[PDB]
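> Take this structure, written in structure tokens, and hold onto it; I'll ask about it next.
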Amino acid sequence: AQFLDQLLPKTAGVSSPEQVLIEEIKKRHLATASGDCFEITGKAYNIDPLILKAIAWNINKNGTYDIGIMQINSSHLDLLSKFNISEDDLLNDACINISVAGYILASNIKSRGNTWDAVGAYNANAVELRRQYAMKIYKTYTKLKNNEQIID
């Protein structure tokens, strides 16, 4: 179909993003207390870890801003406070940041389908900016996948 309607590679999502986030944050608080995050998150939310990496390796127009390694949009902070995830946690713990990004993408997949449109929505006028963003991620993704196939 159109790009935004084609399927994300090796990515199914989960039926309940919220339930997974709760479990993931628990596991990461314990691991910090017990004294690769892209892989852990990709497996927990059934997202290809290279899509997460592609997002990592790439103030907004509407006045929101981006936070930490996965550039979590500030519009999520209010929802995240209900999970006891603060802005400071997103800034000082890359693994929590990535688990949250997984949650957001997974929500997008539940909402839009497991298509490039779900990745476009991660950033977000709207339709075209989603497309440009998804295309950026798609390009980095293919490079990361290509490289990975060679060295495996």
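Here, A, B, ... name the chains of the structure tokens in the order displayed, residue numbers run from 1 inside each chain, and ligands are numbered from 1 in the same displayed order.
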Would you please extract all strand (DSSP E or B) residues from stretch 6-104 of chain A, as assigned by DSSP on the backbone, and give them as a PyMOL selection string?

chain A and resi 7+66-67+72-73

> Using only C-alpha atoms, can you tell me which of A:137, A:72, A:109, A:79 comes closest to residue A:5?

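Smallest separation from residue A:5 among the options: A:109.
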
> In terms of the shortest atom-to-atom distance over only C-alpha atoms, which of A:101, A:85, A:4, A:90 is closest to residue A:45?

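Result for the nearest residue to residue A:45: A:101.
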
> Can you tell me how far atom CA of residue A:132 sits from atom CA of residue A:7, in Å to one decimal?

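Distance between the two atoms: 16.6 Å.
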
> Which is closest to residue A:58 among A:97, A:11, A:70, A:83, if we use only C-alpha atoms?

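Of A:97, A:11, A:70, A:83, the one nearest residue A:58, counting only C-alpha atoms, is A:70.
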
> Residue A:18: which residues within 10 Å, counting only C-alpha atoms, same-chain residues fewer than 2 positions away excluded, as an MDAnalysis selection string?

chainID A and resid 14:16 20:24 83 100 103:104 106:107

> Would you save the residues of that selection, restricted to N, CA and C atoms, as an mmCIF file, in the first residue's frame?


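Once written, part_38.cif looks like this:
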```cif
data_model
loop_
_atom_site.group_PDB
_atom_site.id
_atom_site.type_symbol
_atom_site.label_atom_id
_atom_site.label_comp_id
_atom_site.auth_asym_id
_atom_site.auth_seq_id
_atom_site.Cartn_x
_atom_site.Cartn_y
_atom_site.Cartn_z
ATOM 1 N N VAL A 14 1.747 -5.668 21.391
ATOM 2 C CA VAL A 14 1.166 -6.405 22.495
ATOM 3 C C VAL A 14 -0.277 -5.919 22.650
ATOM 4 N N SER A 15 -1.107 -6.757 23.275
ATOM 5 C CA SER A 15 -2.510 -6.443 23.444
ATOM 6 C C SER A 15 -2.678 -5.364 24.517
ATOM 7 N N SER A 16 -1.796 -5.314 25.530
ATOM 8 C CA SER A 16 -1.909 -4.323 26.579
ATOM 9 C C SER A 16 -0.570 -3.625 26.832
ATOM 10 N N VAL A 20 2.424 -4.180 30.110
ATOM 11 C CA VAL A 20 3.826 -4.459 29.864
ATOM 12 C C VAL A 20 4.698 -3.394 30.508
ATOM 13 N N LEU A 21 4.304 -2.129 30.393
ATOM 14 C CA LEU A 21 5.123 -1.082 30.980
ATOM 15 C C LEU A 21 5.256 -1.303 32.482
ATOM 16 N N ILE A 22 4.143 -1.576 33.170
ATOM 17 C CA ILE A 22 4.185 -1.820 34.607
ATOM 18 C C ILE A 22 5.223 -2.888 34.945
ATOM 19 N N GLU A 23 5.207 -3.985 34.196
ATOM 20 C CA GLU A 23 6.086 -5.120 34.433
ATOM 21 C C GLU A 23 7.533 -4.712 34.168
ATOM 22 N N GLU A 24 7.765 -3.943 33.091
ATOM 23 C CA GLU A 24 9.118 -3.572 32.702
ATOM 24 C C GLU A 24 9.729 -2.611 33.709
ATOM 25 N N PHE A 83 2.272 6.127 36.633
ATOM 26 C CA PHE A 83 3.077 4.922 36.710
ATOM 27 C C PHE A 83 4.284 5.193 37.584
ATOM 28 N N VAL A 100 9.872 3.134 28.209
ATOM 29 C CA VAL A 100 8.797 4.066 27.932
ATOM 30 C C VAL A 100 8.594 4.256 26.435
ATOM 31 N N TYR A 103 6.620 1.382 25.232
ATOM 32 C CA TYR A 103 5.233 1.590 25.598
ATOM 33 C C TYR A 103 4.529 2.529 24.620
ATOM 34 N N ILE A 104 5.156 3.656 24.272
ATOM 35 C CA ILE A 104 4.518 4.634 23.398
ATOM 36 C C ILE A 104 4.315 4.053 21.994
ATOM 37 N N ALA A 106 4.200 0.905 21.194
ATOM 38 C CA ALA A 106 3.239 -0.167 21.332
ATOM 39 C C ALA A 106 1.809 0.368 21.375
ATOM 40 N N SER A 107 1.580 1.474 22.078
ATOM 41 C CA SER A 107 0.289 2.138 22.065
ATOM 42 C C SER A 107 -0.083 2.609 20.669
#
```

> Could you tell me how far atom CA of residue A:2 sits from atom CA of residue A:130, in Å to one decimal place?

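Rounded to one decimal, the two atoms are 13.0 Å apart.
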
> Excluding same-chain residues fewer than 4 positions from residue A:43, what lies within 10 Å of it counting only C-alpha atoms, as an MDAnalysis selection string?

chainID A and resid 11 13 37:39 47:49 102

> If you run DSSP on the backbone, which residues of chain A are helix (DSSP H, G or I), as number ranges by chain?

A: 3-5, 17-33, 37-45, 49-56, 74-81, 87-92, 94-112, 116-123, 126-150

> For a quick check of understanding, using only C-alpha atoms, which of A:52, A:105, A:67, A:1 has the smallest distance to residue A:89?

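Selected residue with least distance to residue A:89: A:67.
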
> Can you tell me how far atom CA of residue A:117 sits from atom CA of residue A:59, in Å to one decimal?

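That distance, rounded to one decimal, is 22.5 Å.
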
> Of the residues A:136, A:86, A:17, A:123, which is the one nearest to residue A:73, using only C-alpha atoms?

A:123

> Which one is closest to residue A:147: A:112, A:60, A:66, A:50? Count only C-alpha atoms.

A:50

> Might you pull out every residue within 9 Å of residue A:134, with only C-alpha atoms counted and same-chain residues fewer than 4 positions away left off, and present them as a ChimeraX atom specification?

/A:3-4,116-123,129-130,138-139

> Those same residues - N, CA and C atoms - I'd like them written as a PDB file, in the first residue's frame.


```pdb
ATOM      1  N   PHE A   3       3.226   3.803   1.929  1.00  0.00           N
ATOM      2  CA  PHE A   3       4.252   3.563   2.920  1.00  0.00           C
ATOM      3  C   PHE A   3       3.643   3.466   4.321  1.00  0.00           C
ATOM      4  N   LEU A   4       2.886   4.493   4.694  1.00  0.00           N
ATOM      5  CA  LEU A   4       2.365   4.578   6.046  1.00  0.00           C
ATOM      6  C   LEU A   4       1.436   3.410   6.368  1.00  0.00           C
ATOM      7  N   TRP A 116       4.032   1.604   9.485  1.00  0.00           N
ATOM      8  CA  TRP A 116       4.923   2.735   9.589  1.00  0.00           C
ATOM      9  C   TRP A 116       4.175   3.953  10.114  1.00  0.00           C
ATOM     10  N   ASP A 117       2.841   3.979   9.954  1.00  0.00           N
ATOM     11  CA  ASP A 117       2.061   5.063  10.524  1.00  0.00           C
ATOM     12  C   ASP A 117       2.242   5.134  12.048  1.00  0.00           C
ATOM     13  N   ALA A 118       2.442   3.988  12.719  1.00  0.00           N
ATOM     14  CA  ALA A 118       2.644   3.969  14.161  1.00  0.00           C
ATOM     15  C   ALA A 118       3.969   4.643  14.548  1.00  0.00           C
ATOM     16  N   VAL A 119       4.984   4.482  13.710  1.00  0.00           N
ATOM     17  CA  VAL A 119       6.262   5.153  13.900  1.00  0.00           C
ATOM     18  C   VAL A 119       6.160   6.645  13.598  1.00  0.00           C
ATOM     19  N   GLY A 120       5.473   7.007  12.515  1.00  0.00           N
ATOM     20  CA  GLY A 120       5.231   8.421  12.235  1.00  0.00           C
ATOM     21  C   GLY A 120       4.575   9.135  13.417  1.00  0.00           C
ATOM     22  N   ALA A 121       3.590   8.491  14.037  1.00  0.00           N
ATOM     23  CA  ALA A 121       2.859   9.058  15.156  1.00  0.00           C
ATOM     24  C   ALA A 121       3.767   9.263  16.379  1.00  0.00           C
ATOM     25  N   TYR A 122       4.934   8.618  16.405  1.00  0.00           N
ATOM     26  CA  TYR A 122       5.812   8.707  17.566  1.00  0.00           C
ATOM     27  C   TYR A 122       6.308  10.150  17.685  1.00  0.00           C
ATOM     28  N   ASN A 123       6.542  10.796  16.540  1.00  0.00           N
ATOM     29  CA  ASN A 123       6.958  12.180  16.519  1.00  0.00           C
ATOM     30  C   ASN A 123       5.695  13.027  16.736  1.00  0.00           C
ATOM     31  N   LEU A 129       4.051  15.235   8.164  1.00  0.00           N
ATOM     32  CA  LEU A 129       5.176  15.261   9.087  1.00  0.00           C
ATOM     33  C   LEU A 129       5.411  13.868   9.660  1.00  0.00           C
ATOM     34  N   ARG A 130       4.330  13.130   9.932  1.00  0.00           N
ATOM     35  CA  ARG A 130       4.425  11.716  10.253  1.00  0.00           C
ATOM     36  C   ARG A 130       5.170  10.984   9.145  1.00  0.00           C
ATOM     37  N   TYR A 138      12.720   4.769   8.727  1.00  0.00           N
ATOM     38  CA  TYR A 138      12.741   3.628   7.822  1.00  0.00           C
ATOM     39  C   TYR A 138      14.121   3.488   7.186  1.00  0.00           C
ATOM     40  N   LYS A 139      14.696   4.623   6.767  1.00  0.00           N
ATOM     41  CA  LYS A 139      16.010   4.666   6.146  1.00  0.00           C
ATOM     42  C   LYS A 139      17.095   4.222   7.115  1.00  0.00           C
TER      43      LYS A 139
END
```

> Which residues come within 10 Å of residue A:92, counting only C-alpha atoms, excluding same-chain residues fewer than 4 positions away, as a PyMOL selection string?

chain A and resi 68-69+87-88+96-97
